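A.B. asks:
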Amino acid sequence: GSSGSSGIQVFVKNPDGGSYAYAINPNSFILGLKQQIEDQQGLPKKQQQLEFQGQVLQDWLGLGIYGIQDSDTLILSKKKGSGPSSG
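Residue numbers (the deposited numbering): 1 to 87.
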């Protein structure tokens with residue numbers, strides 16, 4: 001387990017059947033959190049899409065801009081599709 005007086009703990013529910021508690025500052029940018037999921041899970045950000053209360057969290061929108069709090073849940077869904085251009 002982990003802990004930290006500073007920062008909020010969010011649960012990332014994967015489309016598989018589980019959830020992982022991630023650590024990220026509330027002032028940080030959304031993208032920041034995603035990265036951690038791309039380096040931990042290996043899944044590409046462009047794919048990983050977290051939605052809250054039915055809203056797409058941008059990258060330039062801090063975790064606060066929306067109003068996210070600690071002990072919150074985040075749904076993960078891979079972009080259903082694939083382009084012929086892979087870089």
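C-beta: ideal position from N, C-alpha, C; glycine also.
Within 10 Å of its beta-carbon, does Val-10 have 16 or more other beta-carbons around it, so buried, or fewer, so exposed?
C.D. replies: With 16 or more Cβ atoms within 10 Å of its Cβ, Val-10 is classed as buried.
A.B. asks: How would you write the range of the alpha helix (DSSP H) that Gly-81 sits in, first residue to last?
C.D. replies: No alpha helix (DSSP H) holds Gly-81; DSSP gives it neither H nor E.
A.B. asks: What residue range is occupied by the uninterrupted beta strand (DSSP E) comprising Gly-64?
C.D. replies: Element bounds for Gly-64: not the beta strand (DSSP E) but the alpha helix (DSSP H), 63-66.
A.B. asks: What would DSSP say about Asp-70, mapped onto helix, strand or coil?
C.D. replies: Coil.
A.B. asks: By DSSP, does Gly-54 sit in helix, in strand, or in coil?
C.D. replies: In this structure, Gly-54 counts as coil in the three-state DSSP scheme.
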